[PDB]
Amino acid sequence: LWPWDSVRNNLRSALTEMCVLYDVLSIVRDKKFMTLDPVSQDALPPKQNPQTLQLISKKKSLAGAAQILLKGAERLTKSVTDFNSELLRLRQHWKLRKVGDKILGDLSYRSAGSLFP
Amino acid sequence: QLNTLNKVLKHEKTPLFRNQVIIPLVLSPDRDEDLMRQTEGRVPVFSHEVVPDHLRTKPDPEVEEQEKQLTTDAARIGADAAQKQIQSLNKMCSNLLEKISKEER
Amino acid sequence: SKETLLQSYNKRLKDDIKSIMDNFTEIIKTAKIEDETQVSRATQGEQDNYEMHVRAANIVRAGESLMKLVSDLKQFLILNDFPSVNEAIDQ
Amino acid sequence: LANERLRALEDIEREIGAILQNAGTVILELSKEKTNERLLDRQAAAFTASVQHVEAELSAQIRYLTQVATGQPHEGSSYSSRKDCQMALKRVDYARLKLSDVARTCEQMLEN
């Protein structure tokens, strides 16, 4: 598994941290070993950063989006300009059928009169 | 699913989690069966290394630098274009969705 | 038989069409920019970038599936087309 | 006959065209200066018309196949006439060989 081990690192590390998250929540369902107590608090805004940054979600990640859409589009536009062509000439001279999932033809003079089995 | 489910089960119709005072009772310097069956084979001896590991809040520094560049991108032209662009993009976004959804009848 | 294969083609076509349309509608669903509340701005920003990335990937996959369907239709018609076969035979 | 193939490949073209134009729209709706809103409506209409005519063509093609499908191997063929023509070609070849041989014996008699 020498390839995809780096993704494996990032995911097992994210796995251990979210295991620590299920751990803190496992102590959050707890009233033994630890008590809950609610009192609120405040956090003044610096800006209207949800919107502002969301617009960057469009800039940044819709640029990644549009990039990948245009990248698929350039790959395909290149790709279109060979199997299915050859099948035409073959089907034009010889005799073919499809049974199961493969493609099978005949050689025998059998539709033309012979009975040689 | 996991993202959208947890996100809507948090930010609507809830008692507020950002209240809770977090105050454990004791330190358990020893291996309790409470831990091993409460947590399914984890949680070593609860101690002064895992008190902060539990109650850590400072994130990694890369997002801190990101927040520094958030201050930077807020240092550009603002207080006249933030709300203005929210208005414009909101309106034309809504118009777009209206038009595309409208014609499937 | 042959009815099952053709109805499978119909199912694949309608599934992929509704999938791409639904994906674009959800892209415009998350496209409304609003004010935040208890959502921890950077987190949903990063994961919405992630969601639009995976949705663009879904769009590309939908296009590739349509290409595969077109190729399969091309194979099917040439092999079982009685009228086309006859013209070649008479020439 | 061939028209069917031509229309199918044209449909391929329109598939990639729809992807391209959608990418174009989402280029426009990230830039701050989205001024060409008439042309944004243009690109939305391109999205719309493209998707419908693609789905239209494929649905029509499926119906046509639903009227031409029978599930049998179609046992016509064209082998006999091809044997006959091959026979005739090798008969002509025989003739060409014998003619060359006569030619050389006459050639050698004329020369003393």
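Ideal geometry is used to build each Cβ from the backbone, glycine not excepted, and the neighbour counts take in all protein chains shown. Derivation of every value follows stated rules applied to the coordinates shown; laboratory data play no part.
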Assigned charges on the beta-carbon of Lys, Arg, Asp, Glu; the range C:1-43 dipole about Cα centre (debye) = 280 debye
Exposure proxy order (Cβ contacts within 10 Å, fewest to most) of C:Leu73, C:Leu66, D:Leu99 = D:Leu99, C:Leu73, C:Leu66
Diffusion constant of chain A at 4 °C, which comes from Stokes-Einstein with the Kirkwood Cα-pair radius and 1.567 mPa s, µm²/s = 55 µm²/s
Candidate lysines for bridging to A:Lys102, where Cα separation is under 22 Å - those fewer than 8 sequence places away on the same chain excluded = C:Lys2, C:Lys68, C:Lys74
Within straight-line cross-link reach of D:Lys98, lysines at Cα separation under 27 Å, skipping those fewer than 8 residues along the same chain = D:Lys83, D:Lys90
Set of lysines with alpha-carbon distance to A:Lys59 below 18 Å, sequence-local pairs under 8 removed = A:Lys71, B:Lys84, B:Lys91, C:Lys29, C:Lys32, D:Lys32, D:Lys34
Dipole magnitude of the range A:30-108, debye to nearest 20 (Cβ charges: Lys/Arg +1, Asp/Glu -1, about Cα centre) | 340 debye
Take B:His11, A:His93 and order them by how many other Cβ atoms sit within 10 Å, fewest up front.
-> A:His93, B:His11
Dipole moment magnitude, nearest 20 debye, chain D about Cα centre, only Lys, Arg, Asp, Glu C-beta charged = 380 debye
Ratio of the Cα radius of gyration of the range B:1-58 to 2.2 N^0.38 Å, where N counts its residues = 1.51
Trypsin sites (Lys or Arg not before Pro) within chain C: which are DSSP loop residues with at most 14 other Cβ atoms inside 10 Å?
-> C:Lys2, C:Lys32
Of the candidates D:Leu39, A:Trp4, B:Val43, the farthest towards the positive dipole end of the protein assembly as shown (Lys/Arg Cβ +1, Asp/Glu Cβ -1, centred on the Cα centre) is D:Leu39
If you take the charge dipole of the range D:9-93 about its Cα centre, with +1 on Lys and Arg Cβ and -1 on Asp and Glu Cβ, which of D:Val51, D:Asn22, D:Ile12 is farthest toward its positive end?
-> D:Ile12
Over the range B:42-105, with a single point scatterer placed on each C-alpha, what log10 of the ratio I(q)/I(0) does the Debye formula yield at q = 0.19 1/Å?
-> -0.87
List, largest first, the extents of the alpha carbons of the protein assembly as shown along their principal axes, each in whole Å.
-> 126, 62, 57
For chain C, average projected area of the Cα convex hull in nm² | 8.7 nm²
For the charge dipole of the protein assembly as shown, defined by +1 on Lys and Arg C-beta atoms and -1 on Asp and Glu C-beta atoms about the Cα centroid, which residue among A:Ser85, A:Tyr22, C:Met52 has the Cα displaced farthest towards the positive pole?
-> A:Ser85
